[PDB]
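Novice: Sharing a structure, written as structure tokens. Questions coming.
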Amino acid sequence: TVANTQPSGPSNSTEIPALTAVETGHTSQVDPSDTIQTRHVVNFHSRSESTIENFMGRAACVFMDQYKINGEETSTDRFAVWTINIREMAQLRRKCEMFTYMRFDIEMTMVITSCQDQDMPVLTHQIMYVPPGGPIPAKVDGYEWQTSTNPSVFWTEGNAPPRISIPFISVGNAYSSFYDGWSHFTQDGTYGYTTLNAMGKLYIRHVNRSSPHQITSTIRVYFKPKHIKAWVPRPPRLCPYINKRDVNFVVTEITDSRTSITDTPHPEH
Amino acid sequence: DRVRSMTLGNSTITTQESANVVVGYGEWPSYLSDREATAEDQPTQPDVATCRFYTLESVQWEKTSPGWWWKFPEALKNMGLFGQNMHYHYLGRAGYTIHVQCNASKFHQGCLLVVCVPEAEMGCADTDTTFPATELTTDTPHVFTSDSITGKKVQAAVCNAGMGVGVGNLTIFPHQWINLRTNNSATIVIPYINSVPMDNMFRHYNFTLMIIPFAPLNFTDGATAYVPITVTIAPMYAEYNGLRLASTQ
Amino acid sequence: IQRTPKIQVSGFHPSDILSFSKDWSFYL
Amino acid sequence: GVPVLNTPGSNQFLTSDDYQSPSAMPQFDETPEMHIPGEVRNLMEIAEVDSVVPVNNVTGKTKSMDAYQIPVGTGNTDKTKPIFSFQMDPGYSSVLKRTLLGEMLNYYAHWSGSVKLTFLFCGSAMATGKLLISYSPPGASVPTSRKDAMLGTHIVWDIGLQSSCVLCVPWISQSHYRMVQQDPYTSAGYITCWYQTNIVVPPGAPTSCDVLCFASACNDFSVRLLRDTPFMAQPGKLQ
Amino acid sequence: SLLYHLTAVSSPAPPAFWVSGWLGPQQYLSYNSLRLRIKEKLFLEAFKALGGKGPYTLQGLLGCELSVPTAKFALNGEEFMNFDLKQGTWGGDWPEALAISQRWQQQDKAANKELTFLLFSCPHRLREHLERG
Amino acid sequence: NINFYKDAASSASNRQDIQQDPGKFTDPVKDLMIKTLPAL
Ligand SMILES: CCCCCCCCCCCCCCCC(=O)O
Ligand SMILES: Nc1nc2[nH]cnc2c(=O)[nH]1
């Protein structure tokens with residue numbers, strides 16, 4: 001629980017809890033017991049919802065894309081690729097970039113739905129994870145889909161959504177939400193956190209070979225970080241995101257403006 | 001407790017009007033331990049030869065200057081044997097004492113936010129392209145801008161401290177202030193902060209030091225118009241692995 | 001690189017002076 | 001085998017459930033834990049840090065540093081007018097909502113606790129001053145004189161060698177929690193500043209100074225319901 | 001031996017992108033950016049990733065021979081990157097190679113567009129030309 | 001508090017864990033600053 005309020009009476013002394021120096025980089029530890037007369041409040045409020053585990057422990061969509069079931073044999077619209085990353089959706093991106101370094105397990109849940117336009121009873125989908133450097137499928141019916149070590153999940157519609165746990169799979173001791181640096185030692189190449197993003201790709205297709213009419217399935221991937229450790233908090237993203245690859249931003253004002261420094265919207269007009 | 005004296009190598013810093021010392025995240029730099037090491041070769045630890053106070057080129061605080069930034073440890077290349085050990089080694093790992101100095105009369109006024117930002121990854125002014133490394137690294141440091149600039153360079157509009165955030169929220173990082181009425185120096189002792197035990201001292205900027213005047217410098221005529229801001233930084237517990245032929249940068 | 005536009009206009013670089021050879025050098 | 005009965009809520013994806021699910025990479029040996037300085041375990045640890053409050057967020061100044069500097073000056077006129085005034089409402093007050101305190105809060109629908117507003121005087125070492133920083137619970141309207149403001153929870157800031165003063169907004173509320181968004185039921189009141197005496201300067205010092213305000217949470221501060229922040233919007237697919 | 005000779009210029013005098021298709025020693029196809037359109041956008045996106053100032057010229061040699069696919073590229077008349085068919089990624093050692101490779105894989109399926117182009121659509125059209133010519 | 005899978009990644013989140021050390025962000029100063037005493 002949070003700290004209780006202690007009773008405080010009238011004071012006339014050389015103690016100065018209200019007088020501090022912010023120049024020290026030190027946030028004052030004053031509570032109302034030091035500036036006013038307080039009563040004893042036995043406070044039972046707890047910060048359970050706040051913790052990083054609860055803050056991030058909500059499954060957020062990270063990837064939406066569709067893929068057809070019918071097409072030319074070599075059609076690339078019949079499967080979806082992701083190139084796993086947490087920068088495509090602004091909400092989970094902003095939540096993860098409030099810490100410089102994070103270390104969590106991923107609880108991945110997919111929501112695959114079918115879109116038709118003017119009779120296949122139910123479709124089966126394969127979500128094949130291709131770790132970095134594995135052979136990527138050229139076509140939907142390519143040999144790679146016969147996953148022999150790539151982890152793959154199969155799912156027929158009408159069932160529960162597919163759901164899998166993923167460990168902490170970075171080569172570093174933590175995921176980097178930010179990487180101020182380059183890919184090459186000569187300080188060129190790729191700048192930023194795309195240098196450290198070496199999570200694999202995600203290939204999704206219909207396992208059904210064909211259909212009388214064209215069907216467009218959409219997959220929505222939902223990430224939920226669990227067993228989270230976070231270091232070095234940062235200011236939350238102020239500006240809207242532009243690219244899913246860098247910190248590029250358009251200059252955004254600090255907060256909403258007023259008309260004057262004493263502009264206080266009051267009801268009792 | 002206003003006075004403070006730091007001794008690191010053959011260098012001593014004295015300050016008489018200082019705030020406290022900020023120890024970044026309440027941690028004092030240390031050497032990498034055997035449980036957390038990954039590079040197997042023996043590190044080199046040239047303590048006094050590199051863990052000493054290095055003074056960078058000064059900048060002139062003006063009534064309209066919006067701020068400056070330095071990217072470390074890259075700003076310390078060709079800075080004595082520290083820069084030499086950066087060149088000759090593949091990995092390096094160090095904490096730093098960043099002493100920032102700005103003295104002025106009692107008839108001057110102004111306040112700077114001296115903040116160390118770990119992984120201050122910055123955005124380009126033209127948001128679809130990118131910028132070279134010369135637009136990030138220093139010699140003279142890069143300056144923020146009052147307004148939003150364009151070009152293949154960092155978006156230095158100081159309201160978004162190059163990072164697309166609120167500049168007022170930079171106090172979540174190890175920071176102090178130089179209030180010209182209170183202190184004339186800010187000391188930040190930052191440990192080694194990274195997601196890996198060691199890293200390359202060139203292609204990775206572990207932290208950026210930002211000096212941003214939150215209250216502009218002001219003085220009446222007759223007061224000293226030239227008010228410089230000097231950045232003295234000292235690596236601490238520096239060690240290096242993977243010695244090879246020297247880099248050419 | 002830069003190349004000398006040998007005239008018999010070919011085997012040059014850059015382009016401003018259209019296809020190129022295995023040399024990556026343009027010619028008209 | 002075991003006779004089971006599937007109860008309602010089966011085969012559903014509630015995004016807030018914590019269930020065990022099969023790992024995709026069994027027996028994966030993850031990278032050993034390293035000690036990184038600055039581990040944050042609670043968002044209230046971030047909300048407890050001071051952050052400069054853009055009190056001067058008037059029109060045209062919210063893209064400058066002028067948003068942050070509260071102007072105080074040596075002058076006999078408008079000394080009866082408030083130096084600044086805003087709503088003590090860290091969730092939706094434009095002055096406070098974009099600070100670390102307000103940013104952490106918005107991810108939530110309820111808040112509770114005391115807010116400490118620290119004011120740093122950034123004038124000359126030769127400038128002396130006294131300011132009355134007041135907090136008025138929401139019953140009546142905003143104070144329009146220093147007499148109406150001194151009746152509330154206030155502090156007289158004697159500007160001297162300490163350079164900073166703390167006004168602790170002491171959490172006077174009828175309910176245990178307040179809403180982070182605005183509603184009249186959980187209004188938290190007003191913060192006003194007044195010249196107690198004046199800023200007085202020698203013949204050679206600049207006659208106008210700046211004050212910086214800092215907002216942070218106290219020990220009893222906490223946030224409750226978890227909601228998506230209204231600050232981030234994604235109009236379309238990124239690039 | 002079907003072959004595409006692609007070129008792009010950061011600084012063109014007023015054709016930023018133009019292609020020449022070849023069957024062995026004879027040129028059959030010509031494409032210009034004013035009048036493959038997905039690789040026109042893929043080539044003009046490459047200059048936004050280079051971070052440098054000076055003018056660049058990007059060339060490509062995409063084609064197939066009876067089936068072998070060549071996916072070579074040159075930055076300023078110097079071959080800097082290749083297409084790796086296995087990984088399905090543009091690959092080089094220079095920093096510019098990785099930069100342009102990453103800018104092109106941001107498109108999230110351009111790698112599969114290139115691999116299908118080299119593996120099936122170039123051999124198909126080569127044999128279709130062999131039959132019809 | 002029962003785990004039906006052998007991997008530690010395949011557990012639920014640690015929702016009951018409530019711990020914090022706000023001093024590393026609020027009091028990161030070297031010399032201790034007692035509240036009632038002058039900061040300088
Ligand atoms: C079918 C198995 C699917 C396997 C999916 C692997 C998931 C990749 C791991 C998630 C990467 C998260 C990176 C976070 C980076 C950051 O913190 O900014
Ligand atoms: N001056 C100093 N302060 C510390 N704080 C923790 N360790 C140390 C140390 O070794 N030297």
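How things are named: the first chain in the structure tokens is A, the next is B, and so on; residues count from 1 in each chain; ligands count from 1 in the order shown.
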Neighbours of residue 234 in chain D within 10 Å (only C-alpha atoms; same-chain residues fewer than 5 positions away dropped), as a PyMOL selection string?
Specialist: chain A and resi 88-91+240-242
Novice: Take the residues from that selection and write them out as a CSV table (one decimal), in the first residue's frame, keeping N, CA, C and O atoms.
Specialist:
```csv
chain,number,residue,atom,x,y,z
A,88,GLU,N,4.9,-1.0,-35.5
A,88,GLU,CA,3.9,-0.7,-36.5
A,88,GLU,C,2.7,-0.1,-35.9
A,88,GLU,O,2.0,0.7,-36.6
A,89,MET,N,2.3,-0.5,-34.7
A,89,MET,CA,1.1,0.1,-34.0
A,89,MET,C,1.6,1.1,-33.0
A,89,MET,O,2.5,0.8,-32.2
A,90,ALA,N,1.0,2.3,-32.9
A,90,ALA,CA,1.5,3.4,-32.1
A,90,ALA,C,1.3,3.2,-30.7
A,90,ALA,O,2.1,3.7,-29.8
A,91,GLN,N,0.3,2.4,-30.3
A,91,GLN,CA,-0.1,2.3,-28.9
A,91,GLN,C,0.9,1.5,-28.1
A,91,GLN,O,1.5,1.9,-27.1
A,240,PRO,N,3.6,12.5,-33.1
A,240,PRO,CA,3.0,11.3,-33.8
A,240,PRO,C,4.2,10.6,-34.5
A,240,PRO,O,5.2,11.2,-34.9
A,241,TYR,N,4.0,9.3,-34.6
A,241,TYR,CA,5.0,8.5,-35.3
A,241,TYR,C,4.8,8.6,-36.8
A,241,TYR,O,3.7,8.8,-37.3
A,242,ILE,N,5.9,8.6,-37.6
A,242,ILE,CA,5.9,8.7,-39.0
A,242,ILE,C,6.3,7.4,-39.6
A,242,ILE,O,5.4,6.8,-40.3
```
Novice: Name each residue within 12 Å of ligand 2, counting only C-alpha atoms and all ligand atoms, as a PyMOL selection string.
Specialist: (chain B and resi 4-8+21-31+97+189-191+236-237) or (chain F and resi 28-32)
Novice: Taking N, CA, C and O atoms for each residue, export the selection above as a short mmCIF file (atom, residue, chain, number, x, y, z; two decimals), in the first residue's frame.
Specialist:
```cif
data_model
loop_
_atom_site.label_atom_id
_atom_site.label_comp_id
_atom_site.auth_asym_id
_atom_site.auth_seq_id
_atom_site.Cartn_x
_atom_site.Cartn_y
_atom_site.Cartn_z
N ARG B 4 33.40 21.21 -3.70
CA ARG B 4 33.53 19.83 -4.15
C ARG B 4 34.83 19.76 -4.92
O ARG B 4 35.16 20.68 -5.66
N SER B 5 35.57 18.67 -4.74
CA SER B 5 36.83 18.50 -5.46
C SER B 5 36.93 17.06 -5.91
O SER B 5 36.87 16.14 -5.08
N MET B 6 37.10 16.86 -7.20
CA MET B 6 37.17 15.53 -7.79
C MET B 6 38.57 15.31 -8.33
O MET B 6 39.11 16.16 -9.04
N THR B 7 39.14 14.16 -8.02
CA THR B 7 40.46 13.78 -8.51
C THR B 7 40.31 12.45 -9.21
O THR B 7 39.82 11.49 -8.61
N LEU B 8 40.67 12.39 -10.49
CA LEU B 8 40.58 11.12 -11.21
C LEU B 8 41.92 10.63 -11.73
O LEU B 8 42.27 9.46 -11.49
N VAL B 21 26.37 16.08 -6.13
CA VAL B 21 26.75 15.25 -7.27
C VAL B 21 25.61 14.28 -7.54
O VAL B 21 25.07 13.68 -6.60
N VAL B 22 25.22 14.14 -8.80
CA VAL B 22 24.21 13.16 -9.19
C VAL B 22 24.93 11.91 -9.64
O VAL B 22 25.78 11.95 -10.55
N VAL B 23 24.62 10.80 -8.99
CA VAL B 23 25.10 9.49 -9.39
C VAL B 23 23.99 8.84 -10.20
O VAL B 23 22.94 8.48 -9.65
N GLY B 24 24.20 8.71 -11.51
CA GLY B 24 23.17 8.23 -12.42
C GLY B 24 22.51 6.95 -11.97
O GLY B 24 23.16 5.91 -11.88
N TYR B 25 21.21 7.03 -11.65
CA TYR B 25 20.43 5.87 -11.21
C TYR B 25 20.96 5.32 -9.90
O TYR B 25 20.79 4.14 -9.59
N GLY B 26 21.60 6.19 -9.12
CA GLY B 26 22.15 5.81 -7.83
C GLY B 26 23.16 4.69 -7.90
O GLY B 26 23.26 3.88 -6.97
N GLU B 27 23.95 4.64 -8.98
CA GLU B 27 24.94 3.59 -9.15
C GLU B 27 26.29 4.19 -9.48
O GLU B 27 26.40 5.03 -10.37
N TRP B 28 27.32 3.66 -8.86
CA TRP B 28 28.64 4.18 -9.11
C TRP B 28 29.34 3.24 -10.06
O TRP B 28 29.22 2.02 -9.91
N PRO B 29 30.00 3.76 -11.09
CA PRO B 29 30.65 2.89 -12.08
C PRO B 29 31.55 1.85 -11.42
O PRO B 29 32.10 2.05 -10.34
N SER B 30 31.69 0.72 -12.11
CA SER B 30 32.49 -0.38 -11.62
C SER B 30 33.07 -1.11 -12.82
O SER B 30 32.72 -0.84 -13.98
N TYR B 31 33.98 -2.04 -12.55
CA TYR B 31 34.48 -2.88 -13.61
C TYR B 31 33.48 -4.00 -13.90
O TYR B 31 32.67 -4.38 -13.05
N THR B 97 32.28 10.75 -15.31
CA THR B 97 31.97 11.92 -14.50
C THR B 97 31.88 13.10 -15.44
O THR B 97 32.90 13.56 -15.97
N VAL B 189 27.60 11.67 -12.37
CA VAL B 189 28.40 10.46 -12.41
C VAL B 189 27.50 9.37 -12.99
O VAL B 189 26.66 8.81 -12.29
N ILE B 190 27.66 9.09 -14.27
CA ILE B 190 26.83 8.10 -14.97
C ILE B 190 27.61 6.79 -15.04
O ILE B 190 28.81 6.81 -15.35
N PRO B 191 27.00 5.67 -14.69
CA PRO B 191 27.68 4.38 -14.83
C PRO B 191 27.59 3.90 -16.28
O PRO B 191 27.06 4.58 -17.16
N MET B 236 35.54 6.46 -16.35
CA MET B 236 35.78 5.84 -15.05
C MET B 236 35.62 4.34 -15.18
O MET B 236 34.68 3.85 -15.82
N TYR B 237 36.55 3.60 -14.56
CA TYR B 237 36.57 2.15 -14.64
C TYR B 237 36.53 1.68 -16.09
O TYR B 237 35.80 0.76 -16.46
N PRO F 28 18.81 10.63 -6.81
CA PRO F 28 20.01 10.02 -7.39
C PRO F 28 21.26 10.78 -6.99
O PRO F 28 22.32 10.63 -7.61
N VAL F 29 21.14 11.62 -5.96
CA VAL F 29 22.23 12.48 -5.55
C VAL F 29 23.24 11.68 -4.72
O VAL F 29 22.89 10.72 -4.03
N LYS F 30 24.51 12.08 -4.81
CA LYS F 30 25.58 11.35 -4.14
C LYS F 30 25.48 11.49 -2.63
O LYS F 30 25.35 10.49 -1.91
N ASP F 31 25.53 12.72 -2.13
CA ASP F 31 25.41 12.97 -0.69
C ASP F 31 23.94 13.01 -0.30
O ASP F 31 23.12 13.63 -0.98
N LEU F 32 23.60 12.33 0.78
CA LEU F 32 22.20 12.28 1.17
C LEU F 32 21.69 13.65 1.58
O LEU F 32 22.37 14.42 2.26
#
```
Novice: Identify all chain B residues at most 7 Å from chain D by counting only C-alpha atoms; ligands do not count. Present them as a list in words.
Specialist: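 Interface list for chain B against chain D: residues 25, 27, 36, 106, 107, 108, 109, 110, 111, 146, 159, 168, 169, 171, 172, 179, 181, 182, 193, 194, 214, 215, 218, 219 and 220 of chain B.
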Novice: Just N, CA and C atoms for this one: save the residues we selected as a JSON list (two decimals), in the first residue's frame.
Specialist:
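Heads up, here's the output in result.json:
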```json
[["chain", "number", "residue", "atom", "x", "y", "z"],
["B", 25, "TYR", "N", 21.21, 7.03, -11.65],
["B", 25, "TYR", "CA", 20.43, 5.87, -11.21],
["B", 25, "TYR", "C", 20.96, 5.32, -9.90],
["B", 27, "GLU", "N", 23.95, 4.64, -8.98],
["B", 27, "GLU", "CA", 24.94, 3.59, -9.15],
["B", 27, "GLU", "C", 26.29, 4.19, -9.48],
["B", 36, "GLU", "N", 29.13, -11.47, -15.36],
["B", 36, "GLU", "CA", 28.43, -10.74, -16.41],
["B", 36, "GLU", "C", 29.28, -10.52, -17.66],
["B", 106, "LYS", "N", 26.60, 37.61, -9.94],
["B", 106, "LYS", "CA", 25.32, 37.62, -9.26],
["B", 106, "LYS", "C", 24.30, 38.52, -9.94],
["B", 107, "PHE", "N", 24.73, 39.30, -10.94],
["B", 107, "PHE", "CA", 23.84, 40.14, -11.72],
["B", 107, "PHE", "C", 23.46, 39.50, -13.05],
["B", 108, "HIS", "N", 23.87, 38.26, -13.27],
["B", 108, "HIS", "CA", 23.41, 37.45, -14.38],
["B", 108, "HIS", "C", 22.28, 36.55, -13.92],
["B", 109, "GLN", "N", 21.59, 35.95, -14.88],
["B", 109, "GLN", "CA", 20.54, 35.00, -14.56],
["B", 109, "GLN", "C", 20.37, 34.04, -15.73],
["B", 110, "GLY", "N", 19.84, 32.88, -15.43],
["B", 110, "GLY", "CA", 19.66, 31.83, -16.41],
["B", 110, "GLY", "C", 19.74, 30.47, -15.76],
["B", 111, "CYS", "N", 19.14, 29.49, -16.43],
["B", 111, "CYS", "CA", 19.11, 28.14, -15.90],
["B", 111, "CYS", "C", 19.29, 27.16, -17.04],
["B", 146, "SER", "N", 15.74, 26.93, -32.05],
["B", 146, "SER", "CA", 14.51, 27.39, -31.46],
["B", 146, "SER", "C", 13.31, 26.87, -32.22],
["B", 159, "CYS", "N", 12.11, 22.18, -28.48],
["B", 159, "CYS", "CA", 10.92, 21.75, -27.75],
["B", 159, "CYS", "C", 10.82, 20.24, -27.75],
["B", 168, "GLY", "N", 10.66, 19.22, -21.39],
["B", 168, "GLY", "CA", 10.51, 19.37, -19.96],
["B", 168, "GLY", "C", 10.53, 18.06, -19.21],
["B", 169, "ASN", "N", 10.32, 16.94, -19.90],
["B", 169, "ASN", "CA", 10.33, 15.63, -19.28],
["B", 169, "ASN", "C", 11.71, 14.99, -19.28],
["B", 171, "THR", "N", 13.96, 15.41, -17.34],
["B", 171, "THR", "CA", 14.44, 15.21, -15.98],
["B", 171, "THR", "C", 14.21, 13.79, -15.48],
["B", 172, "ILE", "N", 13.66, 12.89, -16.31],
["B", 172, "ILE", "CA", 13.60, 11.48, -15.96],
["B", 172, "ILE", "C", 14.95, 10.79, -16.12],
["B", 179, "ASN", "N", 21.69, 26.80, -12.18],
["B", 179, "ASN", "CA", 21.05, 28.08, -11.92],
["B", 179, "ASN", "C", 22.14, 29.08, -11.58],
["B", 181, "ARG", "N", 22.18, 31.74, -10.23],
["B", 181, "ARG", "CA", 22.05, 32.30, -8.90],
["B", 181, "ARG", "C", 22.35, 31.30, -7.80],
["B", 182, "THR", "N", 22.49, 30.01, -8.13],
["B", 182, "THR", "CA", 22.68, 28.97, -7.14],
["B", 182, "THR", "C", 24.03, 28.28, -7.27],
["B", 193, "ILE", "N", 25.80, 2.20, -18.93],
["B", 193, "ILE", "CA", 24.42, 1.82, -19.20],
["B", 193, "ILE", "C", 24.34, 1.33, -20.63],
["B", 194, "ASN", "N", 23.94, 0.08, -20.80],
["B", 194, "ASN", "CA", 23.81, -0.55, -22.10],
["B", 194, "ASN", "C", 23.01, -1.83, -21.91],
["B", 214, "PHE", "N", 16.73, 26.44, -19.93],
["B", 214, "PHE", "CA", 15.29, 26.52, -19.71],
["B", 214, "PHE", "C", 14.85, 27.93, -19.34],
["B", 215, "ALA", "N", 15.69, 28.67, -18.64],
["B", 215, "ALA", "CA", 15.52, 30.10, -18.47],
["B", 215, "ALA", "C", 16.65, 30.80, -19.20],
["B", 218, "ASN", "N", 20.35, 36.20, -19.16],
["B", 218, "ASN", "CA", 19.99, 37.60, -19.19],
["B", 218, "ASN", "C", 20.93, 38.39, -18.29],
["B", 219, "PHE", "N", 21.27, 39.60, -18.72],
["B", 219, "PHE", "CA", 22.12, 40.50, -17.97],
["B", 219, "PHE", "C", 21.98, 41.89, -18.59],
["B", 220, "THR", "N", 22.18, 42.91, -17.77],
["B", 220, "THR", "CA", 22.11, 44.28, -18.24],
["B", 220, "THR", "C", 23.46, 44.68, -18.81]]
```
Novice: Between D:181, D:219, D:106, D:134, single out the one closest to chain A, counting only C-alpha atoms.
Specialist: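 Nearest to chain A: D:219.
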Novice: Report as an MDAnalysis selection string which protein, DNA and RNA residues come within 8 Å of ligand 1, using only C-alpha atoms and all ligand atoms.
Specialist: (chainID A and resid 84:87 93 96:97 100:103 105:106 108 127:131 150:153 164:170 174:178 193 197 199:202) or (chainID D and resid 24:25)
Novice: Write to file, as a compact mmCIF listing (two decimals), in the first residue's frame, the residues of the selection just made, with C-alpha atoms.
Specialist:
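The result, stored in result.txt:
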```txt
# COMPACT_ATOMS: atom_id res chain seq x y z
CA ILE A 84 8.50 -9.11 -36.45
CA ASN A 85 8.71 -5.72 -34.73
CA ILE A 86 6.77 -3.65 -32.23
CA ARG A 87 6.88 -0.34 -34.13
CA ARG A 93 5.10 1.22 -29.47
CA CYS A 96 7.41 0.03 -24.94
CA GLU A 97 9.42 3.17 -25.69
CA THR A 100 15.17 2.24 -22.94
CA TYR A 101 15.82 -1.44 -22.22
CA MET A 102 13.19 -4.13 -21.71
CA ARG A 103 13.36 -7.88 -21.14
CA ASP A 105 8.48 -12.94 -22.75
CA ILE A 106 5.88 -12.49 -25.48
CA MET A 108 1.41 -14.00 -28.94
CA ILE A 127 1.58 -19.25 -39.16
CA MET A 128 5.22 -20.23 -39.70
CA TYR A 129 7.92 -18.40 -37.76
CA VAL A 130 11.14 -18.02 -39.74
CA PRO A 131 14.04 -17.22 -37.39
CA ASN A 150 10.74 -23.63 -37.78
CA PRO A 151 7.99 -23.35 -35.13
CA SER A 152 4.61 -23.26 -36.84
CA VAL A 153 1.02 -23.11 -35.63
CA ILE A 164 1.85 -19.24 -28.01
CA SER A 165 4.52 -18.10 -25.58
CA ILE A 166 7.84 -16.76 -26.84
CA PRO A 167 10.94 -16.47 -24.63
CA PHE A 168 13.37 -13.56 -24.43
CA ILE A 169 15.13 -14.19 -27.73
CA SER A 170 17.53 -11.25 -28.11
CA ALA A 174 17.75 -6.79 -23.02
CA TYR A 175 15.60 -5.56 -25.86
CA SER A 176 16.57 -2.03 -26.87
CA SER A 177 13.64 0.29 -27.46
CA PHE A 178 16.25 2.77 -28.70
CA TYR A 193 16.97 0.57 -33.28
CA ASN A 197 15.94 -5.79 -34.42
CA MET A 199 13.68 -11.13 -34.52
CA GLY A 200 12.60 -13.40 -37.33
CA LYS A 201 9.79 -13.14 -39.84
CA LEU A 202 6.26 -14.45 -39.61
CA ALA D 24 7.04 -21.82 -29.29
CA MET D 25 10.72 -22.50 -28.53
```
Novice: Considering only C-alpha atoms, tabulate each residue of chain D that lies at most 6 Å from chain F along with its nearest interatomic pair and the corresponding distance in Å to one decimal; arrange the rows by chain and ascending residue number and present them as JSON lines.
Specialist:
```
{"residue": "D:18", "atom": "CA", "partner": "F:12", "partner_atom": "CA", "distance": 5.0}
{"residue": "D:19", "atom": "CA", "partner": "F:12", "partner_atom": "CA", "distance": 5.2}
{"residue": "D:20", "atom": "CA", "partner": "F:11", "partner_atom": "CA", "distance": 4.6}
{"residue": "D:21", "atom": "CA", "partner": "F:10", "partner_atom": "CA", "distance": 5.4}
{"residue": "D:22", "atom": "CA", "partner": "F:10", "partner_atom": "CA", "distance": 5.7}
{"residue": "D:23", "atom": "CA", "partner": "F:10", "partner_atom": "CA", "distance": 5.2}
{"residue": "D:41", "atom": "CA", "partner": "F:20", "partner_atom": "CA", "distance": 5.6}
{"residue": "D:45", "atom": "CA", "partner": "F:22", "partner_atom": "CA", "distance": 4.9}
{"residue": "D:49", "atom": "CA", "partner": "F:26", "partner_atom": "CA", "distance": 5.5}
```
Novice: Please dump the current selection as a PDB file, in the first residue's frame; keep C-alpha atoms.
Specialist:
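Produced file selection.pdb, reproduced below:
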```
ATOM      1  CA  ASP D  18      -3.075 -14.298 -17.879  1.00  0.00           C
ATOM      2  CA  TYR D  19      -3.082 -17.975 -18.845  1.00  0.00           C
ATOM      3  CA  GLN D  20      -0.238 -20.375 -19.434  1.00  0.00           C
ATOM      4  CA  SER D  21       0.264 -21.147 -23.123  1.00  0.00           C
ATOM      5  CA  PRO D  22       2.689 -23.519 -24.862  1.00  0.00           C
ATOM      6  CA  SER D  23       6.046 -21.936 -25.624  1.00  0.00           C
ATOM      7  CA  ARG D  41       9.268  -1.497 -11.605  1.00  0.00           C
ATOM      8  CA  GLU D  45       8.310   5.722  -9.852  1.00  0.00           C
ATOM      9  CA  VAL D  49      10.033  12.529 -10.629  1.00  0.00           C
TER      10      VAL D  49
END
```
Novice: Got a sec: who's within 6 Å of residue 85 in chain D, counting only C-alpha atoms, leaving out chain neighbours fewer than 3 positions off, as a list in words?
Specialist: residues 262 of chain A; 191 and 192 of chain D
Novice: So which bits of range 69-110 of chain A end up helix (DSSP H, G or I) when you DSSP the backbone, as a PyMOL selection string?
Specialist: chain A and resi 90-96
Novice: Would you please work out which residue, of B:48, B:158, B:163, B:196, is nearest to residue 208 in chain B when using only C-alpha atoms?
Specialist: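 The closest residue to residue 208 in chain B is B:163.
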Novice: Should the cut-off be 6 Å, what would the residue list for chain A against chain F look like, counting only C-alpha atoms, as a list in words?
Specialist: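 On the chain A side, the interface is residues 15, 16, 17, 20, 21, 26, 27, 105, 165, 167, 226 and 227 of chain A.
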Novice: Compile the contact shell of residue 99 in chain E as a list in words: residues with an atom at most 6 Å away, counting only C-alpha atoms, same-chain residues fewer than 2 positions apart removed.
Specialist: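 Returned residues: residues 189 and 190 of chain A; 49, 96, 97, 101 and 102 of chain E.
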